[PDB]
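We begin with a single chain expressed as structure tokens, specifically the form deposited in one PDB entry.
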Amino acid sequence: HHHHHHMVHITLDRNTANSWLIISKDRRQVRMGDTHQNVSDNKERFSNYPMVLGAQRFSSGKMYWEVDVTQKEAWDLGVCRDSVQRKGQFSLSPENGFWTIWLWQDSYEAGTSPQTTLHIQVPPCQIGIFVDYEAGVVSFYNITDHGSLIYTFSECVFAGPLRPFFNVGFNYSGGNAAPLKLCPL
């Protein structure tokens, strides 16, 4: 891909984070804490899952960013509508305002309804996310494997401003403590 030149500087929005997340001072890394992080609750925070949004809102143009997933067993990445549900149980699907992929139990899947099996030969340590708002496209790239395509959502019906979307995953196993990191340009 030649999407690198639409690079955007993403930062995490603390106010949207699940109350167990620890976001770095620079707002570029997030990990699961082993306890509640001593913040007040609010209607914006994701309650059920270890999710957080980027601060940036996109309503036009082409945007690209990269995320480091090194040594994680579970995570979700992509974009979502600014108005997605925050509280209670929900599935990650376009119908609910999400355009995501994930790793779970040694398989990679795209968040379609129902979910789509991904075919990844080289387990990624860094993922590139490309959004073309006008074209209705969200694409995922394997930066570890020379930028190879992972998945394209096309004919997307965004129906609102978009925000970068992250899930660090639970750490029941003790093998998923590592952070998600936004990679430098």
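Numbers follow the displayed sequence, beginning with 1.
Enquirer: Which is higher on average in the deposited entry, the C-alpha temperature factors of 133-141 or of 112-120?
Expert: Stretch with the higher mean C-alpha B-factor: 112-120.
Enquirer: For the higher mean C-alpha B factor in the entry, choose 96-104 or 83-91.
Expert: Mean B over CA atoms: larger for 83-91.
Enquirer: Name the one of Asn15, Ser19, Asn167, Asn176 with the greatest CA B-factor according to the PDB entry.
Expert: Out of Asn15, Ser19, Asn167, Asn176, the record gives the largest C-alpha B-factor to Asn15.
Enquirer: Looking at the entry's B-factor column for C-alpha atoms only, identify whether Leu180 ranks in the lowest, middle or highest third of its chain.
Expert: According to the entry, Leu180 has a C-alpha B-factor in the chain's lowest third.
Enquirer: Place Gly147 in the lowest, middle or highest third of its chain's C-alpha B-factors, as listed in the PDB entry.
Expert: Highest third.
Enquirer: Please place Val39 in the lowest, middle or highest third of its chain by C-alpha B factor as given in the entry.
Expert: Highest third.
Enquirer: Which third, lowest, middle or highest, does the CA B-factor of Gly128 fall in along this chain?
Expert: Ranked within chain, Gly128 CA B lands in the middle tercile.
Enquirer: Could you place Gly61 in the lowest, middle or highest third of its chain by Cα temperature factor, using the values in the record?
Expert: As the PDB entry reports it, the C-alpha B-factor of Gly61 lands in the highest third of its chain.
Although it is not shown, the form solved in complex with a small molecule is what the next lines describe.
Enquirer: Could you work out which of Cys156, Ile143, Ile150, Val67 is the residue within 4.5 angstroms of the small molecule in the deposited bound form, going by heavy atoms?
Expert: Among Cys156, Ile143, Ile150, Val67, a heavy atom within 4.5 Å of the small molecule in the deposited bound form occurs only for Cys156.
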